[PDB]
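Q: You'll find run.txt just under this line, and it carries compact mmCIF, C-alpha atoms and all ligand atoms.
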# COMPACT_ATOMS: atom_id res chain seq x y z
CA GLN S 1 97.96 109.10 121.14
CA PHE S 2 98.41 111.79 123.81
CA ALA S 3 100.82 111.39 126.66
CA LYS S 4 99.03 114.08 128.74
CA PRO S 5 95.73 116.00 128.32
CA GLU S 6 97.68 119.07 127.30
CA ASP S 7 98.89 117.14 124.23
CA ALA S 8 95.28 116.52 123.17
CA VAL S 9 94.43 120.22 123.67
CA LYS S 10 97.45 121.26 121.57
CA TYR S 11 96.43 118.80 118.85
CA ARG S 12 92.83 119.83 118.57
CA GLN S 13 93.72 123.54 118.62
CA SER S 14 96.26 122.96 115.80
CA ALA S 15 93.67 120.97 113.81
CA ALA S 16 91.21 123.84 114.28
CA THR S 17 93.89 126.36 113.12
CA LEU S 18 94.39 124.41 109.92
CA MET S 19 90.65 123.98 109.32
CA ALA S 20 90.13 127.78 109.80
CA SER S 21 92.81 128.40 107.16
CA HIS S 22 91.56 125.90 104.61
CA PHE S 23 87.91 127.00 105.07
CA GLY S 24 88.51 130.75 105.37
CA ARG S 25 90.88 131.03 102.47
CA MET S 26 87.87 130.24 100.22
CA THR S 27 85.87 133.28 101.42
CA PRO S 28 87.14 135.55 98.61
CA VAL S 29 86.31 132.83 96.04
CA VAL S 30 82.76 132.36 97.30
CA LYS S 31 82.31 136.14 97.31
CA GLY S 32 83.70 136.49 93.77
CA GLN S 33 86.55 138.70 94.90
CA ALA S 34 89.04 136.03 93.80
CA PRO S 35 88.73 133.84 90.69
CA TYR S 36 87.10 130.40 90.82
CA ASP S 37 89.40 127.61 89.57
CA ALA S 38 87.46 124.38 89.99
CA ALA S 39 90.55 122.15 90.27
CA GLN S 40 92.16 124.41 92.88
CA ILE S 41 89.01 124.38 95.02
CA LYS S 42 88.53 120.63 94.57
CA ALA S 43 91.99 120.04 95.92
CA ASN S 44 91.59 122.49 98.77
CA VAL S 45 88.27 120.94 99.87
CA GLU S 46 89.94 117.48 99.82
CA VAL S 47 92.48 118.86 102.35
CA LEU S 48 89.66 120.39 104.41
CA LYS S 49 87.79 117.07 104.38
CA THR S 50 90.78 115.28 105.86
CA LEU S 51 91.37 117.96 108.47
CA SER S 52 87.69 118.23 109.50
CA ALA S 53 87.69 114.61 110.70
CA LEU S 54 90.63 115.15 113.03
CA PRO S 55 89.61 117.28 116.07
CA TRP S 56 86.98 114.95 117.44
CA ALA S 57 89.30 112.10 118.45
CA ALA S 58 91.23 114.64 120.54
CA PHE S 59 88.35 115.27 122.93
CA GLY S 60 88.99 111.67 124.40
CA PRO S 61 88.33 110.84 127.90
CA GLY S 62 90.61 112.81 130.34
CA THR S 63 91.49 115.45 127.74
CA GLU S 64 89.55 118.20 129.42
CA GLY S 65 91.18 121.79 129.06
CA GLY S 66 91.70 124.67 126.72
CA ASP S 67 88.60 126.46 125.63
CA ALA S 68 86.60 123.16 125.49
CA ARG S 69 83.42 123.11 127.70
CA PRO S 70 82.83 120.24 130.01
CA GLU S 71 79.51 119.76 128.38
CA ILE S 72 81.37 118.23 125.48
CA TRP S 73 82.01 115.09 127.74
CA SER S 74 78.87 115.07 129.92
CA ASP S 75 76.63 115.27 126.81
CA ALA S 76 78.68 112.94 124.65
CA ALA S 77 75.84 112.02 122.26
CA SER S 78 74.87 115.64 121.68
CA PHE S 79 78.46 116.79 120.94
CA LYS S 80 78.79 113.71 118.62
CA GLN S 81 75.65 114.80 116.73
CA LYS S 82 77.22 118.18 116.20
CA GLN S 83 80.56 116.96 114.88
CA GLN S 84 78.85 114.35 112.68
CA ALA S 85 76.48 116.93 111.30
CA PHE S 86 79.42 119.34 110.64
CA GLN S 87 81.18 116.46 108.65
CA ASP S 88 77.87 115.87 106.80
CA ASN S 89 78.06 119.56 105.73
CA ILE S 90 81.70 118.93 104.71
CA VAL S 91 80.52 116.09 102.53
CA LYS S 92 78.08 118.46 100.83
CA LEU S 93 80.93 120.97 100.26
CA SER S 94 83.05 118.13 98.77
CA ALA S 95 80.24 117.19 96.39
CA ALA S 96 79.88 120.81 95.25
CA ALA S 97 83.67 121.16 94.75
CA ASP S 98 84.05 117.78 93.01
CA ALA S 99 81.21 118.82 90.62
CA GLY S 100 82.77 122.14 89.82
CA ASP S 101 79.55 123.88 90.77
CA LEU S 102 80.08 127.31 92.22
CA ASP S 103 76.61 128.13 93.14
CA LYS S 104 76.50 124.84 94.97
CA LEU S 105 79.86 125.63 96.53
CA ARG S 106 78.52 129.02 97.85
CA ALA S 107 75.56 127.41 99.46
CA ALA S 108 77.53 124.57 100.98
CA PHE S 109 80.15 126.92 102.29
CA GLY S 110 77.55 128.91 104.15
CA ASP S 111 76.12 125.76 105.68
CA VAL S 112 79.57 124.64 106.84
CA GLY S 113 80.27 127.99 108.39
CA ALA S 114 76.96 127.94 110.26
CA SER S 115 77.84 124.48 111.64
CA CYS S 116 81.25 125.72 112.90
CA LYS S 117 79.55 128.63 114.69
CA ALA S 118 76.71 126.50 116.13
CA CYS S 119 79.23 124.20 117.80
CA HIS S 120 81.40 126.99 119.10
CA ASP S 121 78.31 128.75 120.51
CA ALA S 122 77.41 125.71 122.57
CA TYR S 123 80.81 124.08 123.31
CA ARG S 124 83.66 126.65 123.15
CA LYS S 125 84.42 128.91 126.13
CA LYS S 126 84.24 132.61 125.49
CA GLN N 1 96.11 132.56 102.18
CA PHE N 2 97.79 134.49 105.03
CA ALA N 3 96.79 138.00 105.89
CA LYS N 4 100.10 138.62 107.76
CA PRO N 5 103.36 136.63 108.11
CA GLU N 6 102.37 135.65 111.62
CA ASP N 7 99.41 133.75 110.12
CA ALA N 8 101.79 131.68 107.97
CA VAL N 9 104.00 130.96 111.01
CA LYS N 10 100.95 129.85 113.04
CA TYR N 11 99.83 127.62 110.16
CA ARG N 12 103.09 125.87 109.59
CA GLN N 13 103.65 125.33 113.32
CA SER N 14 100.15 123.80 113.62
CA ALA N 15 100.82 121.57 110.58
CA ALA N 16 104.07 120.46 112.20
CA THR N 17 102.21 119.72 115.49
CA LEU N 18 99.79 117.47 113.67
CA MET N 19 102.55 115.73 111.69
CA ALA N 20 104.50 115.07 114.95
CA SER N 21 101.37 113.46 116.41
CA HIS N 22 100.49 111.32 113.42
CA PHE N 23 104.14 110.20 112.94
CA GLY N 24 105.06 109.78 116.61
CA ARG N 25 101.96 107.90 117.61
CA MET N 26 103.29 105.01 115.47
CA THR N 27 106.52 104.68 117.49
CA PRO N 28 105.08 102.02 119.85
CA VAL N 29 103.77 100.05 116.83
CA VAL N 30 107.12 100.08 115.04
CA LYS N 31 108.82 99.03 118.28
CA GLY N 32 106.30 96.22 118.88
CA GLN N 33 105.14 97.70 122.16
CA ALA N 34 101.65 98.21 120.68
CA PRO N 35 99.87 95.81 118.31
CA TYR N 36 100.10 96.18 114.53
CA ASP N 37 96.68 96.52 112.85
CA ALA N 38 97.36 97.00 109.15
CA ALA N 39 94.10 98.87 108.43
CA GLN N 40 94.62 101.25 111.36
CA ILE N 41 98.14 102.10 110.20
CA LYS N 42 97.06 102.43 106.56
CA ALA N 43 94.50 104.99 107.58
CA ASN N 44 96.86 106.85 109.86
CA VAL N 45 99.58 107.06 107.17
CA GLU N 46 96.95 108.43 104.72
CA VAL N 47 96.34 111.28 107.23
CA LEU N 48 100.09 111.80 107.63
CA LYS N 49 100.51 111.91 103.84
CA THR N 50 97.98 114.72 103.57
CA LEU N 51 99.50 116.65 106.45
CA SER N 52 103.11 116.24 105.26
CA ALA N 53 102.35 118.21 102.07
CA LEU N 54 101.03 121.21 103.98
CA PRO N 55 103.89 123.10 105.73
CA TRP N 56 105.86 123.98 102.64
CA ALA N 57 103.34 126.39 101.10
CA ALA N 58 103.46 128.35 104.37
CA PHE N 59 107.09 129.36 103.95
CA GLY N 60 105.91 131.78 101.07
CA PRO N 61 107.63 134.92 100.33
CA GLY N 62 107.40 137.46 103.26
CA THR N 63 106.50 134.77 105.80
CA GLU N 64 109.78 134.95 107.63
CA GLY N 65 109.51 134.34 111.53
CA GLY N 66 109.10 131.70 114.16
CA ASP N 67 111.88 129.21 114.42
CA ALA N 68 112.36 129.18 110.59
CA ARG N 69 115.93 130.09 109.40
CA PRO N 70 116.39 132.68 106.75
CA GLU N 71 118.35 130.16 104.81
CA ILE N 72 115.04 128.54 103.95
CA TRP N 73 114.36 131.57 101.55
CA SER N 74 117.90 132.46 100.42
CA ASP N 75 118.56 128.81 99.42
CA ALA N 76 115.13 128.12 97.97
CA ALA N 77 116.21 125.20 95.76
CA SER N 78 118.04 123.47 98.61
CA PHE N 79 115.11 123.76 101.07
CA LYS N 80 112.81 122.51 98.22
CA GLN N 81 115.05 119.44 97.76
CA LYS N 82 114.68 118.69 101.43
CA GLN N 83 110.90 118.95 101.60
CA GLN N 84 110.52 116.99 98.34
CA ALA N 85 112.84 114.29 99.59
CA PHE N 86 110.93 114.15 102.94
CA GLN N 87 107.62 113.64 100.90
CA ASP N 88 109.44 110.96 98.84
CA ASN N 89 110.12 109.17 102.17
CA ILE N 90 106.41 109.65 103.03
CA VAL N 91 105.52 107.95 99.79
CA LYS N 92 107.69 104.99 100.78
CA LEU N 93 105.93 104.87 104.19
CA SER N 94 102.54 104.92 102.38
CA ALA N 95 103.60 102.02 100.16
CA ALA N 96 104.68 99.99 103.21
CA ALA N 97 101.41 100.77 105.05
CA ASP N 98 99.19 100.14 102.00
CA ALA N 99 100.96 96.74 101.57
CA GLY N 100 100.47 95.75 105.17
CA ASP N 101 104.17 95.08 105.49
CA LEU N 102 105.51 95.76 108.93
CA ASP N 103 109.10 95.19 108.32
CA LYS N 104 108.81 97.60 105.44
CA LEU N 105 106.90 99.99 107.67
CA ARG N 106 109.75 99.91 110.30
CA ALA N 107 112.35 100.73 107.74
CA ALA N 108 110.34 103.47 106.11
CA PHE N 109 109.48 105.01 109.43
CA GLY N 110 113.14 105.31 110.31
CA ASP N 111 113.88 106.96 106.99
CA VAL N 112 111.07 109.47 107.50
CA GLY N 113 112.29 110.32 110.95
CA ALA N 114 115.83 110.88 109.68
CA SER N 115 114.46 113.26 107.03
CA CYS N 116 112.54 115.30 109.66
CA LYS N 117 115.72 115.63 111.75
CA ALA N 118 117.97 116.46 108.75
CA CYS N 119 115.74 119.40 107.85
CA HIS N 120 115.42 120.67 111.38
CA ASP N 121 119.22 120.45 111.81
CA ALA N 122 119.77 122.73 108.86
CA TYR N 123 116.65 124.97 108.84
CA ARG N 124 115.08 125.21 112.35
CA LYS N 125 116.45 127.62 114.94
CA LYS N 126 117.62 126.10 118.17
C1 LIG H 201 82.11 121.14 117.49
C2 LIG H 201 81.41 119.95 116.82
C3 LIG H 201 82.93 122.07 116.58
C4 LIG H 201 82.83 122.24 115.23
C5 LIG H 201 81.88 121.69 114.21
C6 LIG H 201 83.91 123.19 114.94
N1 LIG H 201 84.58 123.53 116.05
FE1 LIG H 201 86.19 124.78 116.15
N2 LIG H 201 86.37 124.42 118.12
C7 LIG H 201 85.56 123.60 118.91
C8 LIG H 201 85.99 123.61 120.25
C9 LIG H 201 85.29 122.80 121.35
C10 LIG H 201 87.11 124.34 120.31
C11 LIG H 201 88.00 124.62 121.52
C12 LIG H 201 89.20 123.60 121.55
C13 LIG H 201 90.06 123.81 122.78
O1 LIG H 201 90.32 122.81 123.49
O2 LIG H 201 90.47 124.97 123.04
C14 LIG H 201 87.33 124.88 119.00
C15 LIG H 201 88.32 125.77 118.64
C16 LIG H 201 88.47 126.39 117.38
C17 LIG H 201 89.44 127.39 117.08
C18 LIG H 201 90.47 127.98 118.00
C19 LIG H 201 91.76 127.10 118.01
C20 LIG H 201 92.81 127.75 118.86
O3 LIG H 201 93.59 128.62 118.26
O4 LIG H 201 92.91 127.55 120.06
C21 LIG H 201 89.25 127.72 115.77
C22 LIG H 201 90.04 128.69 114.90
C23 LIG H 201 88.19 126.92 115.28
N3 LIG H 201 87.71 126.11 116.29
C24 LIG H 201 87.73 126.90 114.00
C25 LIG H 201 86.72 126.08 113.47
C26 LIG H 201 86.26 126.13 112.09
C27 LIG H 201 86.81 127.02 111.01
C28 LIG H 201 85.25 125.22 111.99
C29 LIG H 201 84.36 124.82 110.83
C30 LIG H 201 85.11 124.69 109.48
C31 LIG H 201 85.10 124.62 113.32
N4 LIG H 201 85.99 125.20 114.17
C32 LIG H 201 84.14 123.69 113.64
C33 LIG H 201 84.48 122.92 118.42
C34 LIG H 201 84.02 122.83 117.08
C1 LIG H 202 112.13 120.86 106.24
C2 LIG H 202 112.02 120.29 104.82
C3 LIG H 202 111.38 120.09 107.35
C4 LIG H 202 110.97 118.79 107.35
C5 LIG H 202 111.15 117.67 106.38
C6 LIG H 202 110.27 118.67 108.64
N1 LIG H 202 110.27 119.83 109.31
FE1 LIG H 202 109.40 120.18 111.12
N2 LIG H 202 109.94 122.11 111.03
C7 LIG H 202 110.67 122.74 110.02
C8 LIG H 202 110.86 124.11 110.31
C9 LIG H 202 111.62 125.06 109.38
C10 LIG H 202 110.19 124.38 111.45
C11 LIG H 202 110.04 125.72 112.16
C12 LIG H 202 108.69 126.40 111.74
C13 LIG H 202 108.55 127.77 112.38
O1 LIG H 202 108.28 128.74 111.64
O2 LIG H 202 108.71 127.87 113.63
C14 LIG H 202 109.65 123.13 111.92
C15 LIG H 202 108.99 122.94 113.10
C16 LIG H 202 108.55 121.70 113.63
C17 LIG H 202 107.96 121.52 114.91
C18 LIG H 202 107.67 122.57 115.94
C19 LIG H 202 106.29 123.25 115.69
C20 LIG H 202 105.98 124.22 116.78
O3 LIG H 202 105.38 123.74 117.84
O4 LIG H 202 106.32 125.39 116.73
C21 LIG H 202 107.69 120.19 115.03
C22 LIG H 202 107.00 119.45 116.16
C23 LIG H 202 108.10 119.58 113.82
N3 LIG H 202 108.64 120.51 112.97
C24 LIG H 202 107.95 118.26 113.51
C25 LIG H 202 108.30 117.62 112.30
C26 LIG H 202 108.13 116.20 112.05
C27 LIG H 202 107.53 115.20 112.99
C28 LIG H 202 108.62 115.98 110.79
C29 LIG H 202 108.75 114.71 109.97
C30 LIG H 202 107.52 113.78 110.05
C31 LIG H 202 109.09 117.28 110.29
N4 LIG H 202 108.90 118.21 111.26
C32 LIG H 202 109.71 117.46 109.08
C33 LIG H 202 111.13 122.09 108.91
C34 LIG H 202 110.93 120.74 108.53
Hey, can you dump this file as structure tokens for me?
Ligand code: HEC
Ligand code: HEC

A:
Amino acid sequence: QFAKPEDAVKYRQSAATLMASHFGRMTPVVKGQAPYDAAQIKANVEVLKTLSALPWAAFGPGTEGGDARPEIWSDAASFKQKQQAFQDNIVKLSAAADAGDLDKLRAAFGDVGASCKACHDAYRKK
Amino acid sequence: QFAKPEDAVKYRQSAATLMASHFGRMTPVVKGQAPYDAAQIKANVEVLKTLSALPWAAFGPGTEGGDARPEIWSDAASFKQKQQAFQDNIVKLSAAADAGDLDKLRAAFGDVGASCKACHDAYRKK
């Protein structure tokens, strides 16, 4: 869907911006600093679920650029494992939110965050 | 969810970037220049539906900036009418996509696009 590689870079950076917001805005909830409203979190995690599927299609062939490492493309199966595993952790977060289980939400949230960082460590330029 | 107004501006601009992509990538389909696969479009419109609900919460009080006109805040009910009407046109696009009806998709797409432009004309800085 991208006329030029720059359009794919802009897309995936904007998807990442929205994922950071929808994930990070839950930090105070998981820490107990903000109240836990199960319906509010359920809805927010449903938005995060949608968004967390979106970046990967914007690392298509010829879309090199931004702060994306070339090893994303040369190790295609390894980068795929990482994004699929990240979305597996999103599924776990969804299950916790849908159940209304806060303890499970805490745990799942931590696992999601670790998966974000693991990918950036390997595949995002400093 | 925004620590500073700049964070709200960044969010709503990124949401708009993703909506432009998910809406605009259908132009060749509606024009017949690309093939119509009902399931593909159904899925894409479900992403657009999610995204098209997101900007409005990021024009919260104190989030003035970017290319957003102050009349967004001083005429709160009028700006609300416009975003609600835009999401009504999104619902119509969803119904067309879910039905697998291309002619209906064409028409709905045009109506959505007109609603984007009507809001920008009144509420986005040149
Ligand atoms: C690989 C499988 C990743 C996972 C999982 C996550 N991110 Fe990511 N992120 C990745 C790359 C390769 C890039 C660089 C994109 C580019 O072309 O520049 C990014 C970038 C971000 C950014 C910065 C966006 C920008 O302003 O330019 C943010 C804020 C970000 N990523 C956040 C983020 C979060 C919150 C994640 C888990 C919920 C997450 N990322 C996962 C690769 C990958
Ligand atoms: C008001 C109810 C709007 C509707 C409906 C749509 N848009 Fe919008 N858009 C609006 C404003 C007030 C702004 C400025 C935001 C800011 O603070 O700068 C925008 C911005 C955009 C942009 C530019 C984003 C950027 O790169 O900075 C784009 C690409 C955009 N809008 C696209 C877009 C599309 C495709 C829409 C219909 C599907 C749409 N907008 C509707 C206000 C409103």

Q: Check which residues fall inside 6 Å of ligand LIG 202 (chain H) when counting only C-alpha atoms and all ligand atoms, and print them as number ranges by chain.

A: N: 9, 13, 16-17, 19-20, 23, 65-68, 79, 82-83, 86, 113, 115-116, 119-120, 123-124

Q: Residues of chain N no more than 10 Å from chain S, counting only C-alpha atoms: send them over as a ChimeraX atom specification.

A: /N:1-3,7-8,10-22,24-26,46-47,50-51,53-54

Q: Pick the closest to residue 94 (chain N) from N:114, N:38, N:76, N:58: which is it, counting all atoms listed in the file?

A: N:38

Q: For atom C23 of ligand LIG 201 (chain H) and CA of residue 74 (chain S), determine how far apart the two atoms are, in Å to one decimal place.

A: 21.0 Å

Q: Skip residue 63 (chain N) itself and residues of its chain fewer than 3 positions away, then list as a list in words all residues within 6 Å of it, counting all atoms listed in the file.

A: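 The contact residues come out as residues 5, 59 and 60 of chain N.
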
Q: Can you spit out the residues from that selection as a CSV table (one decimal), in the coordinates of the input, using C-alpha atoms?

A:
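Below is the file that was written, selection.csv:
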chain,number,residue,atom,x,y,z
N,5,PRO,CA,103.4,136.6,108.1
N,59,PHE,CA,107.1,129.4,104.0
N,60,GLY,CA,105.9,131.8,101.1

Q: Complete the atom set of region 87-110 of chain S to N, CA, C and O atoms and return it as a short mmCIF file (atom, residue, chain, number, x, y, z; two decimals), keeping the file's coordinate frame.

A:
data_model
loop_
_atom_site.label_atom_id
_atom_site.label_comp_id
_atom_site.auth_asym_id
_atom_site.auth_seq_id
_atom_site.Cartn_x
_atom_site.Cartn_y
_atom_site.Cartn_z
N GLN S 87 80.53 117.25 109.70
CA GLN S 87 81.18 116.46 108.65
C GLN S 87 80.21 116.12 107.51
O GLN S 87 80.62 116.12 106.34
N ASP S 88 78.89 115.88 107.86
CA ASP S 88 77.87 115.87 106.80
C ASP S 88 77.91 117.19 105.98
O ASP S 88 77.88 117.08 104.73
N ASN S 89 77.99 118.34 106.53
CA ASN S 89 78.06 119.56 105.73
C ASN S 89 79.35 119.60 104.93
O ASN S 89 79.38 120.11 103.79
N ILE S 90 80.44 119.07 105.46
CA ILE S 90 81.70 118.93 104.71
C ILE S 90 81.51 118.04 103.52
O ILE S 90 82.04 118.35 102.43
N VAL S 91 80.77 116.92 103.66
CA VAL S 91 80.52 116.09 102.53
C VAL S 91 79.79 116.85 101.43
O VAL S 91 80.07 116.69 100.21
N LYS S 92 78.81 117.66 101.78
CA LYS S 92 78.08 118.46 100.83
C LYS S 92 79.03 119.47 100.10
O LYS S 92 78.89 119.65 98.88
N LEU S 93 79.94 120.08 100.83
CA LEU S 93 80.93 120.97 100.26
C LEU S 93 81.84 120.21 99.27
O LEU S 93 82.12 120.72 98.19
N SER S 94 82.29 119.03 99.64
CA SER S 94 83.05 118.13 98.77
C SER S 94 82.30 117.82 97.50
O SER S 94 82.87 117.83 96.40
N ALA S 95 81.03 117.51 97.59
CA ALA S 95 80.24 117.19 96.39
C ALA S 95 80.18 118.44 95.49
O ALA S 95 80.34 118.27 94.25
N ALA S 96 79.97 119.59 96.05
CA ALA S 96 79.88 120.81 95.25
C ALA S 96 81.23 121.09 94.52
O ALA S 96 81.32 121.41 93.36
N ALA S 97 82.33 120.89 95.30
CA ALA S 97 83.67 121.16 94.75
C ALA S 97 84.00 120.12 93.64
O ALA S 97 84.58 120.51 92.62
N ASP S 98 83.78 118.85 93.95
CA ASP S 98 84.05 117.78 93.01
C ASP S 98 83.27 117.99 91.72
O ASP S 98 83.70 117.65 90.62
N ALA S 99 82.03 118.55 91.80
CA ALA S 99 81.21 118.82 90.62
C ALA S 99 81.65 120.08 89.89
O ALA S 99 81.29 120.35 88.74
N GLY S 100 82.41 120.92 90.53
CA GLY S 100 82.77 122.14 89.82
C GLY S 100 81.72 123.11 89.73
O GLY S 100 81.63 123.88 88.75
N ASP S 101 80.75 123.07 90.77
CA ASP S 101 79.55 123.88 90.77
C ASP S 101 79.62 125.02 91.78
O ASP S 101 79.44 124.83 92.99
N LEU S 102 79.82 126.13 91.42
CA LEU S 102 80.08 127.31 92.22
C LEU S 102 78.90 127.80 93.05
O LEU S 102 79.05 128.09 94.24
N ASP S 103 77.85 127.88 92.38
CA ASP S 103 76.61 128.13 93.14
C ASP S 103 76.40 127.09 94.25
O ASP S 103 76.05 127.46 95.40
N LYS S 104 76.61 125.84 93.91
CA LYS S 104 76.50 124.84 94.97
C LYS S 104 77.60 124.99 96.01
O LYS S 104 77.34 124.76 97.21
N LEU S 105 78.81 125.40 95.60
CA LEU S 105 79.86 125.63 96.53
C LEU S 105 79.49 126.75 97.52
O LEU S 105 79.71 126.62 98.74
N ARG S 106 78.96 127.88 97.07
CA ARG S 106 78.52 129.02 97.85
C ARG S 106 77.62 128.60 98.97
O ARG S 106 77.71 128.91 100.14
N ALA S 107 76.61 127.84 98.54
CA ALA S 107 75.56 127.41 99.46
C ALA S 107 76.13 126.49 100.52
O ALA S 107 75.83 126.56 101.73
N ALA S 108 76.90 125.52 100.09
CA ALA S 108 77.53 124.57 100.98
C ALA S 108 78.48 125.20 101.95
O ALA S 108 78.60 124.81 103.10
N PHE S 109 79.22 126.17 101.44
CA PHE S 109 80.15 126.92 102.29
C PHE S 109 79.45 127.60 103.41
O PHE S 109 79.90 127.59 104.58
N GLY S 110 78.35 128.26 103.12
CA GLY S 110 77.55 128.91 104.15
C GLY S 110 77.05 127.91 105.19
O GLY S 110 77.06 128.22 106.38
#
